[PDB]
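Colleague: Model the structure of this input:
(4 chains, ligands or ions: 1)
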Amino acid sequence: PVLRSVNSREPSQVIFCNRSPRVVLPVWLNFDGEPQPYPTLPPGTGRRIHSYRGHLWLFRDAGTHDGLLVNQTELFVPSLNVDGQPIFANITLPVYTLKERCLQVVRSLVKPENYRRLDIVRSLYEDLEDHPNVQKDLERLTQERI
Amino acid sequence: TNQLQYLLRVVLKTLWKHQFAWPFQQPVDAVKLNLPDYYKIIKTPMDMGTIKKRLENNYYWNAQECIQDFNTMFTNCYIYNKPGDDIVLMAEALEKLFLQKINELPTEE
Amino acid sequence: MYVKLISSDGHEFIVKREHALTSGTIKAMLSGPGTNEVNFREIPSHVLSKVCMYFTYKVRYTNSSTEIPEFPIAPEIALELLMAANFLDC
Amino acid sequence: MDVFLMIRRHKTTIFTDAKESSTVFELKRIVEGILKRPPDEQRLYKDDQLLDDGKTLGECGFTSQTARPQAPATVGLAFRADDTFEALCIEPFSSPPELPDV
Ligand SMILES: Cc1ncsc1-c1ccc(CNC(=O)[C@@H]2C[C@@H](O)CN2C(=O)[C@@H](NC(=O)CCC2CCN(c3nc(N(C)CCC(=O)NC4CC4)nc(N(C)Cc4c(C)nn(C)c4C)n3)CC2)C(C)(C)C)cc1
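Modeller: Numbering: from 1, shown residues only, chains lettered A, B, ... in the order given. Below, you will see the structure:
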């Protein structure tokens, strides 16, 4: 009940872009800080959408449940539109860490039901069986208020 | 009387605790909403929280007099709001969920 | 200006200091107190190559306006790169 | 805009960027900042292709499509040591391939 969208009845009309080469899952955040999945955008496709000012959005990889950057940030909130009515969010691949990128790539090229038949340290098992979950990254951003 | 209780404790409650359900808890304030033509088109605004207040206070006598007050709000939203208006899409979601749980409905005492 | 990286098998790598420092291990080993050359006895050169490749890409594409492309990891070397990157804290 | 390449001779490699407008002659002078030997004494190849000191990095291939930061292009080097020679030095490394459970 802290990182939520305000019950706003105002127009914004945002345009998504998916400039990332992945299948983006835009997720709208409820007025109670809950993940709401919307239609997926195939790589390199952009759709003009409407929205209300004060609603909050973050993007994900629909299949590998990775995070993405909207205008170089993890979160998106609509700006002030008048005379610039189409506020525009451009989604790109985050500058991933080499560990977590390699962590992703093994998950895609191994069946997740094994993961433990690879000769790696036990600490490195719960790194790949960690899975970039949405609300997993939410708790981090709830703290990030200062 | 158990049917005016399975609606109140189970059916009402799961619908009350829904994200799109917040405006459907209080009746319209046409002056602040900037539209006085609400009462002129809608003749039975007996819903939006009024459904709850009369349900605990046993004003609905049977298992169908109360359910019909539910349909009024859903249809009411359809009547005055153009099909595909965000407020309609919210009403459609509540009605969908209402039908999902009433299909295991108990016997009326 | 540049710092050399040596592999277990022997291949020498000349990258810029700032590029390598992106690794948290190279950051801590290159001295809070204090000379600029390090060798890894378990990081093979074929793996170390992708390490310096990730560096050029880690530097080139951080908070930049130009569409950030995906990173190529060959599947056979993916396991070794995980352990190396795990060790390099990057 | 800019090409990203990597120059090799025996177990040694250099990771650096350069502009398409520069010629191969301009690159050799930068090499002397790392390996400290005159550009006259070194000769760059493009994997069995002699490079002339007049054609730009563009004019000899090396585009932003083939030589990227994530997958740089390989370009070679040899020395003469008093007279002239010492091609070619091709010096790879091999990786364990097995996909146990992949
Ligand atoms: C193609 C594609 N590819 C990739 S993705 C994608 C994509 C993206 C987006 C979309 C569609 N896009 C959305 O999904 C946007 C995005 C995000 O932004 C959320 N989203 C919404 O649309 C949301 N909608 C909203 O957030 C706003 C909805 C309001 C309007 C304002 N309102 C409201 N209106 C009214 N009327 C004026 C109607 C009168 C009436 O008959 N009423 C009968 C109920 C009694 N009356 C009241 N009441 C009750 C009074 C009141 C009281 C008590 N207080 N207040 C203040 C008032 C006024 N309330 C509350 C409801 C949801 C909830 C529908 C999801 C689709 C696809």
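Colleague: the helices in the chain, which residues?
Modeller: No chain in the question, so chain A it is. Secondary structure of chain A (DSSP state H): helices at A:98-109, A:125-128, A:134-143.
Colleague: please go with chain D instead
Modeller: Along chain D, counting by DSSP H, helices occupy D:24-35.
Colleague: next one: chain B
Modeller: For chain B, the helices defined by DSSP H cover B:3-5, B:13-16, B:30-33, B:38-41, B:50-56, B:65-80, B:86-102.
Colleague: How far off centre is the longest one?
Modeller: If I follow you right, that is helix B:86-102. On the basis of CA atoms, centre = their mean, to the nearest Å, helix B:86-102 sits 10 Å off its chain's mean C-alpha point.
Colleague: The residue in chain A positioned nearest to chain B - how many residues pack around it?
Modeller: Chain B sits closest to residue A:30 of chain A, with a gap of 5.0 Å, by CB to the nearest CB. Where you see a C-beta, it was placed from the backbone N, CA and C, and this is true even at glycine. Other residues lying near residue A:30 total 14 when counted by other CB atoms under 10 Å in any protein chain shown.
Colleague: dump the residue contacts of it.
Modeller: Residue A:30 is in contact with A:4-5, A:36, B:19, counting by CB atoms under 8 Å, 6 or more residues apart in numbering or on different chains.
Colleague: what do you get for residue C:54?
Modeller: Applying CB under 8 Å, 6+ apart to residue C:54 gives the contacts A:98, C:71, C:85, C:90.
Colleague: how close does it sit to residue B:68?
Modeller: Taking CB to CB, to the nearest Å as the measure, residue C:54 falls 66 Å from residue B:68.
Colleague: Pick the most buried one from the helices of chain B.
Modeller: For the helices of chain B, the largest average neighbour count (mean count of other CB atoms under 10 Å in any protein chain shown) is found in helix B:3-5, namely a mean of 18.
Colleague: Can you tell me what sits against that one?
Modeller: B:55, B:58, B:60, B:62-63, B:66, B:106-109.
Colleague: returning to what we had before: most surrounded residue in the contacts of residue C:54?
Modeller: Neighbour count (other CB under 10 Å) singles out residue A:98 as the most crowded of these, with 26 neighbours.
Colleague: Now the buried members of the contacts of helix B:3-5.
Modeller: Those of those that meet the buried threshold are B:55, B:60, B:63, B:66, by 16 or more other CB atoms under 10 Å in any protein chain shown.
Colleague: For the second one, which residues are in contact?
Modeller: Spelled out, that is residue B:60. Neighbouring residues of residue B:60 by CB under 8 Å, 6+ apart: B:4, B:54, B:66, B:69.
Colleague: Kindly indicate which of the residues you listed lies nearest residue B:24.
Modeller: Checking these against residue B:24 by CB to CB gives residue B:69 as the nearest, at 12.2 Å.
Colleague: For residue D:37, see how far away the nearest residue to the closest one once chain neighbours are set aside is.
Modeller: Sequence neighbours aside, residue B:51 is the residue nearest to residue B:69 in space, at 5.4 Å (criterion: CB to CB, 6 or more residues apart in numbering or on different chains). Distance, residue B:51 to residue D:37, using CB to CB: 89 Å.
Colleague: Once you drop chain neighbours, what's closest to residue C:71?
Modeller: residue A:101 (5.2 Å).
Colleague: swap that for residue A:93, sorry
Modeller: The shortest distance from residue A:93 to any non-neighbouring residue, by CB to CB, 6+ apart, is to residue C:68 (4.5 Å).
Colleague: Could you name the specific helix or strand carrying the one you found?
Modeller: Applying DSSP states H and E as the criterion places residue C:68 outside every helix and strand.
Colleague: How many residues are close by it?
Modeller: For residue C:68, the neighbour count with other CB under 10 Å is 23.
Colleague: pretty sure it is in contact with residue A:95, am I right?
Modeller: Yes. Residue C:68 sits in contact with residue A:95 when judged by CB atoms under 8 Å, with a separation of 6.2 Å.
Colleague: which residues touch the residue of chain C found nearest chain B?
Modeller: Using CB to the nearest CB, the closest approach of chain C to chain B is made by residue C:67 at 33.1 Å. Applying CB under 8 Å, 6+ apart, we find residue C:67 in contact with A:19-20, A:92.
Colleague: ok, the spatially most central residue of chain B to chain A distance?
Modeller: The centroid of chain B falls nearest to residue B:70 when counting by CA atoms, centre = their mean (3.9 Å). Using CB to the nearest CB, to the nearest Å, residue B:70 is found at 23 Å from chain A.
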